[PDB]
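Spelled out from the first residue to the last, the chains are:
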Amino acid sequence: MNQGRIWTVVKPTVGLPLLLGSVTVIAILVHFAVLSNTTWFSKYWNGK
Amino acid sequence: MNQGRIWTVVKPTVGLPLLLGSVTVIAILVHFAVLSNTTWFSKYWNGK
Amino acid sequence: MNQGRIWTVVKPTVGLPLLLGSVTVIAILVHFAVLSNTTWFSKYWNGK
Amino acid sequence: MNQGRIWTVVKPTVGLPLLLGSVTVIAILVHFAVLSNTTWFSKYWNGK
Amino acid sequence: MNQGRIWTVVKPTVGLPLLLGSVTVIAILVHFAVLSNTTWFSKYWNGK
Amino acid sequence: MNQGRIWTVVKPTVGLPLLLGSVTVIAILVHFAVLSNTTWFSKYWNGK
Amino acid sequence: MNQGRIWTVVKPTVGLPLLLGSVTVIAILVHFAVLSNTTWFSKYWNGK
Amino acid sequence: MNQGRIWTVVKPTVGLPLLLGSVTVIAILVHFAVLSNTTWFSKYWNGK
Amino acid sequence: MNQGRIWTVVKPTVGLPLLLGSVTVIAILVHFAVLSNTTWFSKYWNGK
Amino acid sequence: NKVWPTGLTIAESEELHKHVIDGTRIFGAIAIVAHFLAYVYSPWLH
Amino acid sequence: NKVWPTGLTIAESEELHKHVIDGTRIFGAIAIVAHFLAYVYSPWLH
Amino acid sequence: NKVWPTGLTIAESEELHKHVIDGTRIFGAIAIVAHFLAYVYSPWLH
Amino acid sequence: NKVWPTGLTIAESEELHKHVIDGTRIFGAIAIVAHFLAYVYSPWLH
Amino acid sequence: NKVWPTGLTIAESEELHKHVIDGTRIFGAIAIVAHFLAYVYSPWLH
Amino acid sequence: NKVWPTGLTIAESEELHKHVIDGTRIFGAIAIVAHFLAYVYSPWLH
Amino acid sequence: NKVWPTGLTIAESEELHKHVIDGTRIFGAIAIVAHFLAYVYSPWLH
Amino acid sequence: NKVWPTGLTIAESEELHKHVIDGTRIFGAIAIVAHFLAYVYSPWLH
Amino acid sequence: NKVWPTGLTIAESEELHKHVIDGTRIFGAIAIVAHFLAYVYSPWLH
Amino acid sequence: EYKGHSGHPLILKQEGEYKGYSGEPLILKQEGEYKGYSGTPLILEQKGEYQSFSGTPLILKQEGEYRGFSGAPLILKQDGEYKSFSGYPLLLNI
Ligand code: BCL
Ligand code: BCL
Ligand code: BCL
Ligand code: BCL
Ligand code: BCL
Ligand code: BCL
Ligand SMILES: CC(C)=CCC/C(C)=C/C=C/C(C)=C/C=C/C(C)=C/C=C/C=C(C)/C=C/C=C(C)/C=C/C=C(\C)CCCC(C)(C)O
Ligand SMILES: CC(C)=CCC/C(C)=C/C=C/C(C)=C/C=C/C(C)=C/C=C/C=C(C)/C=C/C=C(C)/C=C/C=C(\C)CCCC(C)(C)O
Ligand SMILES: CC(C)=CCC/C(C)=C/C=C/C(C)=C/C=C/C(C)=C/C=C/C=C(C)/C=C/C=C(C)/C=C/C=C(\C)CCCC(C)(C)O
Ligand SMILES: CC(C)=CCC/C(C)=C/C=C/C(C)=C/C=C/C(C)=C/C=C/C=C(C)/C=C/C=C(C)/C=C/C=C(\C)CCCC(C)(C)O
Ligand SMILES: CC(C)=CCC/C(C)=C/C=C/C(C)=C/C=C/C(C)=C/C=C/C=C(C)/C=C/C=C(C)/C=C/C=C(\C)CCCC(C)(C)O
């Protein structure tokens, strides 16, 4: 909340796509991590 | 519905390909996830 | 049929290769998925 | 046959190497698929 | 704290995205390392 | 021998490296394929 | 201490991020090596 | 010894790095192949 | 000691990073090779 | 108004974003139907 | 009208998009038949 | 003030970063609700 | 006629695409023969 | 002073690096707390 | 004749492609010998 | 003196390398400590 | 003679390729000895 | 003499390459010692 | 003109406009504002400063030297030469 000068030196053409991208990549990885290492999430999809 | 100015600073030649692309890559990854980690989807293709 | 202006802002030298390429890559991936996860498509090549 | 204007908007310096290259890559992938998922292609090399 | 001249010769357009990015990648890798090589972290998610 | 004009629209600085390079990559992949899927080639190195 | 002129011909915009980045990557690899190939480092995190 | 005009159409700044690099990448791949598929080379390092 | 002119046609901004980088990558690969394929180097870290 | 570094004006960008949101709402509508079918014809919540 | 940043007019873009849609409809038509063949000659729904 | 090398003034940069923070606060709000749901319906903290 | 953004006229593009289609038809014919040979010797349909 | 090849003066570089160091020290502060919590709630040293 | 977008004339392009054709023939001749030797010494067809 | 192709003089490069060397000496010093800690607390040579 | 698109003349290109030829001969000459040693000391043909 | 396409004269290139030769010799001289230590303290030839 | 080996024709070409094989229309015209399908509105028109959600404040101003949240100092100054932290010399010279 005090860093807002950052876009004077980091170009938003790289900044926003890398921000919006890597945050989504982290979300994917956390879902894969919990999926690979828990029974309850795997069972949730398997249903029944 | 507030960000309509983003294309003034993120170039559509990268923003729109990455948007449409990564949404598809997410859909691929969710399909591989449910396929690899469920019986019923694996069975659905094996048929009978 | 509603989006036909997209090529005013997405350059065809990238948007057409990426459309044709990714549609092919999606097809390759669905084949490898059904191959890896079914008996009959594996058996279909193995013959007899 | 109607698409012969595509090279007015997709540059041949990329479209031709990608077309020839990806056709070769698709060929390699279909060979590796049948090689891995069939006995007879594997046995054809193992000989006797 | 000696190196404050570095941005005279390393461009912040590359410097800051790599610095923020690789630190985030290192954080991910250390979580995957401890997740793979410990019972208690995996057991923490599995719950019960 | 019809395509003698291809180097008018595909630049030799890319076409010749991609040609010589990918041919070599194909040779490597075919060697690895026969190595992975035959007893006699593995035995040819293992000796005696 | 002889190579002080190397930055007259290697551009710091690439040579410094690669020097800092690769040394970090090397360090990450040596940690993953010793983690995978030793009991005690695996045991150290598992604790008790 | 007939191709010596190739450097009029393939730039040495890419052709020489690709040559020296790929020749080394080939040598690495051959060593990994003989290592993974022979007893005597695996034993040569183990020594004793 | 005959190639001293190579830097007239290979640009030091890439040839020096590629030389120093790849020589390091070679050393990493040889260490991983000897590590994965010997008892004594694997044991050296594990102690005793 | 000025052309910004992407070459669009603010008004052109806002007209562009009308497509992105309409497309996203269309994608949402199809996906909600696809989830309803996947609920009816799979054991997911069932 | 003006050339937009891609170098196309709106009319040249819309004339181009006719190709992209015709190609998609041809691809869709072949795929519908290929699914019917796979339904007949495989256990998928059968 | 001057345009900096990215082509934004300080004031334009600050008005951009307002969106990044508001976006992050909206992301954080949805994520907290998602964690509350995942607590209520999973063995995570049980 | 004008040179389009790739540097080719429409006529030069269509002259190029005659090679791409001729190459595709040659490749298709050569591939059909190899599928016939594979059918003859392999158990694929046999 | 001159603009260096990155487009920043020395003083502009110093003003930038003050943010990087402050950000690093904030990251360090959060990490110490996160390790302390992990020490309390895991067998790590415990 | 004109230099085309690659900076070669048609005559320079054709004189280049003669090297590609003759190089491919030398590769083919060397490869055929390697397949013959492999047939003699391996069980491939043998 | 002349600017070399990287945009630095010899003296600016040599001053730059003073930072690079010192940065390695600091990294080396921390590493010798971290190895000594590992020798004391791990079985590595112990 | 002209500088070609790579910036070399034909003579500069051919004087370069003499290094590529003789460099390949030296690499070949070492590789023969390395293979001879491998034949002598390994069960390869032995 | 002229600057070649890399920006270096022949003399500047040859003065640069002396660093690459002696850098390789230093790396070789360390590597011979590292191999000698591995021969003494590991079963490689031993 | 290219002859080709796989017979004739090798291409189809069309005089006035593209005629589709998959029937007509191939595209929809748009005479004005975007006539979206998923109802309205499609955007919110920002007339002034950013009328954010998630409350206020939304940024903190900087009015001088940066006040580090981790205290001070944030930098060590340099004057006349690089003060080494690992002894001298740092460089040899030719
Ligand atoms: C010999 C194999 C040659 C070939 C040689 C010829 C010759 C010679 C002629 C054509 C002609 C035609 N070719 Mg051709 N052509 C081949 C590949 C193709 C393929 C493809 C593989 O997809 C297609 C779609 C076409 C398309 C066509 C039509 C435009 C046209 C047929 C009109 C006609 O009189 O019809 C009735 C059809 C016929 C008389 C013959 C049709 C032959 C079919 C198309 C061959 C298919 C390949 C076959 C199964 C495998 C051949 C293997 C090779 C021997 C190695 N060619 C290959 C590369 N083609 C003719 C033309 O221009 O007429 C005005 C013509 O004179
Ligand atoms: C079938 C071979 C061609 C084809 C040839 C034609 C022809 C011929 C016509 C159209 C017509 C129409 N086609 Mg078309 N079209 C194809 C692919 C498509 C696809 C698709 C997803 O595949 C779509 C959505 C469309 C869209 C449409 C509309 C733009 C148009 C008016 C429809 C209507 O309400 O008309 C009224 C009509 C009907 C209720 C029935 C029309 C059925 C059409 C002929 C076939 C549609 C696809 C079919 C159901 C599925 C694939 C079949 C297999 C390929 C065998 N085409 C393929 C590539 N199309 C019509 C038109 O332009 O009218 C002015 C028309 O007569
Ligand atoms: C196929 C149907 C269309 C659709 C057709 C319409 C129509 C028609 C109207 C709106 C209107 C609205 N739409 Mg819409 N809209 C769709 C998708 C969306 C989605 C979404 C995430 O999918 C959202 C958030 C919106 C947003 C909105 C609001 C801006 C607005 C007021 C809603 C309301 O409660 O109206 C009152 C309630 C209704 C009109 C009932 C239906 C509203 C809900 C939101 C639609 C849900 C669709 C469902 C998820 C998918 C069904 C798909 C099947 C193929 C049929 N649309 C899909 C793509 N939308 C309205 C408007 O402009 O008001 C001023 C309006 O008249
Ligand atoms: C409705 C959910 C909205 C929201 C709506 C509001 C509203 C409404 C107000 C603020 C206000 C504030 N918001 Mg907000 N805000 C949200 C998310 C955040 C997050 C975050 C990480 O998620 C942060 C750091 C902030 C930051 C802040 C401060 C700038 C300010 C005073 C906080 C305080 O002490 O309130 C103390 C508590 C109150 C004033 C009452 C409760 C207000 C709401 C619930 C925010 C409390 C903060 C808390 C972390 C939110 C968690 C929400 C749950 C995920 C549902 N908002 C989400 C997106 N925000 C206030 C403001 O600007 O006043 C002038 C205010 O009144
Ligand atoms: C509240 C936590 C804040 C913080 C708030 C402050 C405050 C407040 C002050 C400093 C001051 C200092 N800080 Mg600070 N600082 C933090 C993080 C750091 C870290 C780090 C790796 O995390 C470092 C290396 C520094 C560095 C420094 C020095 C430059 C300076 C003198 C320290 C000293 O001996 O004070 C001796 C002591 C004092 C004057 C009073 C007590 C201050 C204590 C010692 C601060 C310890 C922070 C500790 C190392 C890291 C955080 C622990 C976690 C919060 C659990 N800060 C975080 C972000 N910092 C001080 C300063 O400017 O001195 C002139 C000062 O007053
Ligand atoms: C924590 C200590 C500091 C440090 C503080 C100093 C100080 C203080 C001095 C030097 C000086 C020297 N330093 Mg220093 N230096 C460090 C790290 C290094 C490393 C390294 C790989 O880590 C190297 C190779 C050097 C190199 C050198 C030489 C150029 C020079 C002594 C030459 C000599 O023999 O003079 C003859 C011998 C002497 C004058 C006295 C003995 C000096 C000894 C040899 C310094 C040994 C440092 C030791 C290996 C670091 C331990 C790190 C960990 C704390 C374990 N420094 C670390 C970061 N350095 C000296 C100088 O500038 O001289 C003009 C000096 O007095
Ligand atoms: C891994 C596991 C187990 C689980 C993973 C779990 C997980 C993380 C899931 C995450 C899911 C996420 C995040 C989903 C996100 C989905 C989103 C964001 C969808 C967006 C869709 C966007 C569309 C459809 C855009 C269409 C644009 C269009 C049509 C644009 C048209 C533009 C034009 C015509 C130019 C006009 C020019 C002129 C104005 C001049 O006319
Ligand atoms: C992995 C698992 C288990 C599961 C995965 C499941 C999963 C996710 C599946 C997803 C599937 C998806 C998304 C499928 C999407 C398919 C689509 C979109 C197909 C599109 C086809 C488009 C075509 C054919 C375009 C041809 C364009 C053409 C020919 C253009 C020609 C242009 C010209 C001539 C230029 C004119 C210039 C001028 C003269 C006008 O100026
Ligand atoms: C692996 C395991 C087991 C575990 C992994 C554990 C692990 C490490 C987890 C790490 C997690 C981390 C780090 C999470 C970080 C999350 C963050 C940072 C989220 C950020 C969200 C940002 C957003 C939503 C930004 C929206 C921007 C927006 C909307 C911007 C709009 C801009 C505009 C309109 C331009 C205006 C132009 C003009 C001013 C001219 O008008
Ligand atoms: C995996 C297995 C089993 C085995 C693998 C084993 C294996 C191979 C290990 C290999 C290990 C290796 C090789 C390690 C090498 C480590 C090295 C070399 C470390 C170097 C550190 C360098 C640093 C810290 C540099 C900082 C520079 C800095 C901060 C520069 C600052 C510059 C400024 C301020 C600009 C000034 C501007 C103006 C001049 C105008 O004042
Ligand atoms: C996988 C298995 C089992 C097995 C794999 C087996 C296998 C294949 C192994 C292969 C190994 C190979 C090939 C090893 C090769 C090693 C080599 C070649 C090492 C070379 C080192 C070079 C160095 C250190 C250069 C330093 C340059 C320097 C410092 C340059 C300084 C320049 C300056 C100062 C600029 C001056 C500008 C001015 C002022 C003059 O204008």
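Residues numbered from 1 in each chain as written, not as in the entry; some residues may be left out. Chains lettered and ligands numbered in written order. Heavy atoms only, no water.

### Concerning the overall build of chain S
Looking only at helices and strands, chain S features 0 helices and 0 strands. Taken against the 2.2 N^0.38 rule, which gives 12 Å for 94 residues, the C-alpha radius of gyration of chain S at 35 Å runs more than 25% over that of a compact globule. In chain S, which comprises 94 residues, the proportion classed as buried is 22%. Only carbon and sulfur atoms are counted for the fraction: they give 53% of the accessible area of chain S, which is about 7800 Å². Within chain S, the 12 negative side-chain charges are centred at a point lying 2 Å from the centre of the 10 positive side-chain charges. (Helix = DSSP H or I, 4+ residues; strand = E, 2+ residues; numbered from the N terminus. Rg over C-alpha atoms; globule rule 2.2 N^0.38 Å. Buried < 20%, exposed > 50% of the residue type's maximum accessible area, 1.4 Å probe, protein only. Areas by Shrake-Rupley, 256 points an atom, 1.4 Å probe, with all protein chains shown as cover. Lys, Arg positive; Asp, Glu negative; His and termini not counted. Charge placed at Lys NZ, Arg CZ, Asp CG, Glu CD.)

### A word on the overall build of chain A
Assigned secondary structure in chain A consists of 2 helices and 0 strands. Taking all 48 residues of chain A together, the buried fraction comes to 35%.

### Overview of the UniProt feature "transmembrane region" (unreviewed entry) in chain A
This chain's UniProt record puts "transmembrane region" (unreviewed entry) on residues 14-35 of chain A. The annotated region residues 14-35 of chain A carries 100% helix and 0% strand content, and the separation between its end C-alpha atoms amounts to 31 Å. (UniProt positions renumbered as here; feature names shortened; annotations may be inferred.)

### Brief notes about the layout of surface pockets
Computed from the structure, the second largest pocket encloses a volume of approximately 290 Å³. In terms of lining residues, the second largest pocket is bounded by 14 residues, among which K:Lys18, S:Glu17, S:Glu24, S:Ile27 and S:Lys29 are the most central. Residue composition of the lining of the second largest pocket, grouped by class: 5 nonpolar, 2 polar and 7 charged. (1 Å grid on protein atoms, 1.4 Å probe; cavity = no way out; pocket = protein on both sides within 12 Å on 5 of 7 lines; lining within 4 Å. Points joined across faces, edges and corners; volume = space filled by probe spheres on them. Nonpolar A, V, L, I, M, F, W, Y, C, P; charged D, E, K, R; others polar.)

### Quick word on the site of ligand 10
Residues in contact with ligand 10 amount to 20 residues; listed here are only the nearest, E:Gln3, I:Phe32, N:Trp4, P:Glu15 and P:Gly23. Nearby residues place ligand 10 at the junction of chains E, G, I, N and P. At the level of elements, α1 (12-36) of chain G, α1 (12-36) of chain I together with α1 (10-41) of chain P are the ones that each hand at least two residues to the shell around ligand 10. The element contributing the most residues to the shell around ligand 10 is α1(P), with 7 residues. Here the shell around ligand 10 is built from residues that sort into 12 nonpolar, 5 polar and 3 charged. (Near = heavy atom within 4 Å.)

### Some details on the packing of aromatic side chains
If you walk through the whole model with that rule in mind, you get 18 aromatic pairs over all chains. With 6.1 Å between their ring centres and 40 degrees between their planes, B:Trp40 and B:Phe41 make a pair best called tilted. Look at B:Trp40 and you get partly exposed, because its relative accessible area is 26%. The buried category is assigned to B:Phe41, whose relative accessible area is 13%. Here the aromatic cluster, defined as three or more aromatic residues joined through ring pairs, consists of A:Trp40, A:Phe41 and A:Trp45. The cationic tip of L:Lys2 hangs over the ring face of L:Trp4; the distance from NZ or CZ to the ring centre is 4.2 Å. (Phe/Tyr/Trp six-rings, centres within 6.5 Å; stacked < 30°, edge-to-face > 60°. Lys NZ or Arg CZ within 6 Å of the ring centre and 35° of its normal.)

### What to know about the packing of helix α1 (residues 12-36) of chain A against helix α1 (residues 12-36) of chain E
The geometry of α1(A) relative to α1(E) is characterised by a closest axis approach of 12 Å and an angle of 0 degrees between their N-to-C directions. When the interaxial angle is binned, α1(A) and α1(E) end up roughly parallel. Every residue of α1(E) that contacts α1(A) at A:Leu18, A:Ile26, A:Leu29 and A:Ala33 is listed here: E:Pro17, E:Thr24, E:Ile28, E:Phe32 and E:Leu35. Its residues placed into classes, the contact of α1(A) with α1(E) shows 8 nonpolar, 1 polar and no charged. (Axes fitted to C-alpha atoms, helices over the stretch in contact; angles between N-to-C directions. Parallel < 35°, antiparallel > 145°, perpendicular 65-115°, else oblique. Contact = heavy atoms within 4.5 Å.)

### Concerning helix α2 (residues 39-46) of chain A
What α2(A) keeps buried is the set A:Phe41, A:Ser42 and A:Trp45. Each buried residue of α2(A) sits inside an arc of 100 degrees when the element is viewed along its axis, so together they form one side. Contacts made by the buried residues of α2(A) are with α1 of chain A together with α1 (12-36) and α2 (39-46) of chain B. Positioned one or two residues after α2(A), A:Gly47 has a phi angle of 75 degrees, which is positive. (Arc of directions from axis to C-beta.)

### Focus on the site of ligand 7
Close to ligand 7 lie 19 residues; A:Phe32, C:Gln3, J:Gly23, J:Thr24 and K:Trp4 are nearest. Ligand 7 sits at the junction of chains A, B, C, J and K, each of which supplies nearby residues. Expressed as a share of its isolated accessible area of 1100 Å², the protein-covered part of ligand 7 is 78%. Taken together, the elements giving at least two residues each to the shell around ligand 7 come down to α1 of chain A, α1 of chain B together with α1 (10-40) of chain J. Grouping the constituent residues of the shell around ligand 7 by class yields 11 nonpolar, 6 polar and 2 charged.

### Examining the arrangement of the chains
The two partners chain A and chain I share no contact, and the minimum distance between any of their C-alpha atoms is 24 Å. A gap remains between chain C and chain L, with no contact made and the closest C-alpha atoms lying 21 Å from each other.

### Points about a positive patch on the surface
Side chains of A:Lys11, B:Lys11, C:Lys11, D:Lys11, E:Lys11, F:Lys11, G:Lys11, H:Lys11 and I:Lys11 sit close together on the surface and give a patch of like positive charge. Topologically, E:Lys11 is positioned in the segment before α1. Using a relative accessible area of 37% as the deciding quantity, one classes E:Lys11 as partly exposed. (Patch = residues over 30% accessible without salt bridge, like charges linked within 9 Å, V, L, I, M, F, W, Y side chains within 5 Å. Salt bridge = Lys/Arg side-chain N within 4 Å of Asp/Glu carboxyl O.)

### With respect to unusual backbone geometry
Cis peptide bonds are those with omega within 30 degrees of zero, and the linkage from S:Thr40 to S:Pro41 qualifies with -5 degrees. A cis amide bond links S:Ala72 to the next residue, S:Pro73, at an omega of -5 degrees. Phi at F:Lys48 takes a positive value of approximately 70 degrees, unusual for a residue other than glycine. Residue position: F:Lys48 is located in the segment after α2 (39-46). Classification of F:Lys48 by relative accessible area gives exposed; the value is 84%.

### Comments concerning the interface of chain N and chain E
Listed by partner, the interface residues are 16 residues for chain N and 15 residues for chain E. Between chain N and chain E, the buried area comes to about 1300 Å², and carbon and sulfur atoms account for 72% of it. When residues of chain N are sorted by the area they lose upon contact with chain E, N:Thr6, N:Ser13 and N:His17 head the list and together hold 35% of the total. The interface formed by chain N and chain E includes 1 salt bridge. Note that E:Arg5 and N:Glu14 form a salt bridge whose closest N and O atoms lie 3.1 Å from each other. Grouping the constituent residues of the side of chain N that touches chain E by class yields 9 nonpolar, 5 polar and 2 charged. (Buried area = accessible area lost by both parts, 1.4 Å probe.)

### Re helix α1 (residues 10-40) of chain K
Residues and elements named next belong to chain K. Relative to the 45 Å expected for 31 residues at 1.5 Å per residue, α1 spans 45 Å between its end C-alpha atoms, a close match to the ideal helical length. Listed as buried for α1 are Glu12, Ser13, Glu14, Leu16, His17, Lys18, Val20, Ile21 and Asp22. Where α1 starts, the residue carrying a side-chain oxygen 3.4 Å from the main-chain nitrogen of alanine 11 turns out to be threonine 9. (Expected span 1.5 Å × (residues − 1). Polar contact = N/O pair within 3.5 Å; in protein donor to acceptor, adjacent residues only side chain to side chain.)

### Some details on the packing of helix α1 (residues 12-37) of chain F against helix α1 (residues 10-41) of chain O
Packed helix pairs are characterised by how far apart their axes lie and by the angle those axes make with each other. The N-to-C vectors of α1(F) and α1(O) enclose an angle of 5 degrees; their axes lie 13 Å apart at closest approach. Of the possible angle classes, the one that applies to α1(F) and α1(O) is roughly parallel. Residues F:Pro12, F:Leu16, F:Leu19 and F:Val23 of α1(F) touch α1(O), and the partners they reach there are O:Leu16, O:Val20 and O:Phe27.

### Notes on the side chain of P:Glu12
For P:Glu12, the location among the structural elements is in helix α1. Among the polar contacts made by the side chain of P:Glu12, one reaches the main-chain amide nitrogen of P:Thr9 at a distance of 3.0 Å. Apart from the residues within four sequence positions on either side, P:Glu12 is in contact with N:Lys2, N:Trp4 and P:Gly7.

### A closer look at the side chain of A:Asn2
Tracing the chain through its elements places A:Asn2 in the segment before α1. A distance of 3.1 Å separates a polar atom in the side chain of A:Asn2 from a polar atom in the side chain of S:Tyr66. In this structure, A:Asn2 is in contact with N:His19, S:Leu60, S:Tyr66 and S:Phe69, ignoring residues within four places of it in sequence.

### Here we look at the environment of B:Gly47
Within the secondary structure, B:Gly47 is located in the segment after α2. Given the relative accessible area of 8%, B:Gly47 is considered buried. Along the sequence, B:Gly47 and B:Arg5 sit 42 residues apart, while their C-alpha atoms lie 49 Å from each other. In contact with B:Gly47, other than residues within four places in its own chain, are K:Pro43 and K:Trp44.

### Notes on a nonpolar patch on the surface
A contiguous nonpolar surface patch, about 940 Å² in accessible area, is contributed by F:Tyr44, Q:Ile32, Q:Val33, Q:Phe36, Q:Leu37, Q:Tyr39, Q:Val40, Q:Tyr41 and Q:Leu45. At 7 residues, the largest contribution of residues to the nonpolar patch is made by helix α1 (residues 10-41) of chain Q. With respect to the helices, strands and loops of the structure, Q:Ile32 is situated in helix α1. Using a relative accessible area of 61% as the deciding quantity, one classes Q:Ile32 as exposed.

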